[PDB]
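Q: Here you go, one structure.
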Ligand SMILES: [Mg+2]
């Protein structure tokens, strides 16, 4: 892994060398950028018109329609263009509401906040992070384990993964019909809380999208100027990309990140914002090559900092920010791994806005390789390897175990 041997202080020199190579290979970088900008602008004006009409630009589907095979080709096309989808009714509302209360009880009974405070660093940043937590480092509550293995959730993830072009050159880059579980955290945001959550960003790499030759293969049609051929839903190359090692790195390739609502979700009540433009990354990649950007800079992209879109460098994309649709408990929302997103700053609702992080991850060699060490952490109750080794749940009363798993649950965790 070339990104694994790049020293943090050599990044500016690396960027300078790679930017000169990319501008040399794409000498019309300005004209190509302006062409891509026009394509982005048309999508922006459609999204703004949707919002002005009272329509949310994020496609919405019912889980029943996915399960029963009723989704139209036009709906699939809209999802691929917008890069995201709310899927309603994955879980019965009553089950999700019981899950919400059960996570609360699990956190309360086991003194989560006192443990977090006790483990925090004795400095301003340590105290700050532990004071009023919104993102909870618990992985193995019974609601999380049950939601991940649910057979309706599985069918929804298989549907999302089948939107991708999974095969090219004789090779299946992932098996869209097989799901694996990626354990992750849960969020509880109280009314009137501020957010220190990150500004509009894309997870899964920042400087590496330019500096890593595997990432550049994923974006080859962008860097060659043939941007109309760039397909966000092409799988080829994505399991092979290389990241700068840091706590931001996910060991699995996730096709879609996702939220499962434990409570109703509403605009101005701590919900999620997205920019529903699946090919926005093509604009971000080319923007950093323009003449008003310093030779050693990629518009602020930094190691360990999710790639951010900003009013400074990407004001056109900021014009397309949209809240996700209203959701009820048991609904879900998913967004393509390249889709820019950020939680809302405002929560003026009456109750805590709570979600579980549950992504879609297809079977591939990369994701299969993470299952054994993830499984070891489930067995122990430890944090999974991609997270801080808080290991809060090692002695939590009520932590889920293998007894909670169905056969599907076991397969998705690599137990069978
Ligand atoms: Mg994010």
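In the authors' numbering, the protein residues as written are 0 to 415. Backbone N, C-alpha and C fix where the C-beta goes; we use that ideal spot for every residue, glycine too.
1) Taking only runs of the beta strand (DSSP E) that begin and end inside the stretch 160-191, which ones reach a length of at least 3 residues, in chain order?
2) Near residue 203, which residues of its chain fall below 7 Å by C-beta distance, leaving aside the five closest residues on each side in sequence?
3) If we count Cβ pairs, one from each stretch, closer than 8 Å, do we get three or more for the stretch 332-351 versus the stretch 186-194?
4) Are residue 390 and residue 398 close, meaning C-beta to C-beta below 9 Å?
5) Does the contact criterion of 3 or more C-beta pairs under 8 Å hold for the stretch 359-372 versus the stretch 167-182?
6) Taking buried to mean at least 16 other C-beta atoms within 10 Å of its own C-beta, is residue 246 buried or exposed?
7) Using 8 Å as the cut-off, classify the Cβ of residue 417 as near or not near the heavy atoms of ligand 1, replying yes or no.
8) Please state whether DSSP places residue 341 in a helix, a strand or coil.
9) What residues in its chain sit with their C-beta under 6 Å from that of residue 156, if we drop five residues either side in the sequence?
10) Which runs of the alpha helix (DSSP H) fall wholly inside the stretch 196-258 and span at least 4 residues, in chain order?
11) Give every residue of the same chain whose Cβ lies closer than 7 Å to the Cβ of residue 79, excluding the five residues on either side of it in the sequence, and list them in chain order.
12) What span of residues does the beta strand (DSSP E) with residue 354 cover, start to end?
13) Which class does residue 139 belong to by DSSP, given the choice of helix, strand or coil?
14) Please return the same chain residues whose Cβ sits closer than 8 Å to the Cβ of residue 25, not counting the five positions on each side in sequence.
15) Please report the Cβ distance between residue 57 and residue 83, rounded to the nearest whole angstrom; I am assuming they are in contact, meaning their Cβ atoms lie under 8 Å.
16) Please state the DSSP three-state secondary structure of residue 272.
17) Closer than 8 Å is the cut-off here; do at least three beta carbon pairs connect the stretch 90-102 with the stretch 248-265?
18) Relative to the alpha-carbon of residue 271, which residue among 328, 352, 318, 166 has its alpha-carbon at the smallest distance?
19) Let's see if you can read the secondary structure: which residues bound the alpha helix (DSSP H) around residue 377?
A: In brief:
1) Those beta strand (DSSP E) runs which fall completely within the stretch 160-191 and span 3+ residues are 174-178, 185-188.
2) One-based indexing of the chain shown puts residue 203 at position 204. Within the same chain, residue 203 has close Cβ partners 249, 336.
3) yes
4) Residue mapping note: residue 390 aligns to position 391 of the chain shown, counting from 1. Residue mapping note: residue 398 aligns to position 399 of the chain shown, counting from 1. Not in contact: residue 390 and residue 398 (Cβ atoms no closer than 9 Å).
5) yes
6) Translated into the one-based positions of the chain shown, residue 246 becomes position 247. Residue 246 should be labelled exposed.
7) Look at the range of the chain in this structure, 0 to 415, and you will see that residue 417 is not part of it.
8) On the chain shown, position 342 is the one that residue 341 refers to. The answer is strand: DSSP assigns residue 341 an E or B state.
9) Reading the chain shown from its first residue, position 157 is the one you call residue 156. Excluding residues within five positions, the ones whose Cβ falls inside 6 Å are 178, 359.
10) Given a length threshold of 4 residues, each whole run of the alpha helix (DSSP H) inside the stretch 196-258 is given here in chain order: 207-210, 212-217, 219-222.
11) Looking up residue 79 in the chain shown gives position 80. Within its own chain, the residues whose Cβ lies closer than 7 Å to the Cβ of residue 79, once the five positions on either side in sequence are excluded, are 162, 232, 277, listed in chain order.
12) Position 355 of the chain shown, counting from 1, holds the residue named residue 354. Run containing residue 354: 352-356, per the beta strand (DSSP E) assignment.
13) Indexing the chain shown from 1 puts residue 139 at position 140. Correct three-state label for residue 139: coil.
14) The count along the chain shown starts at 1 and reaches residue 25 at position 26. Excluding residues within five positions, the ones whose Cβ falls inside 8 Å are 31, 222, 223, 224, 288.
15) On the chain shown, position 58 is the one that residue 57 refers to. On the chain shown, position 84 is the one that residue 83 refers to. Yes, they are in contact, since the Cβ atoms of residue 57 and residue 83 sit about 5 Å apart, within 8 Å.
16) As a working note, residue 272 is residue 273 in the chain shown. Note: residue 272 maps to strand in three-state DSSP.
17) yes
18) Residue numbering aside, residue 271 sits at position 272 when the chain shown is read from its first letter. Among 328, 352, 318, 166, the Cα nearest to that of residue 271 is on 352.
19) Within the chain shown, residue 377 is the residue found at index 378, counting from 1. Residue 377 -> alpha helix (DSSP H) spans 364-379.
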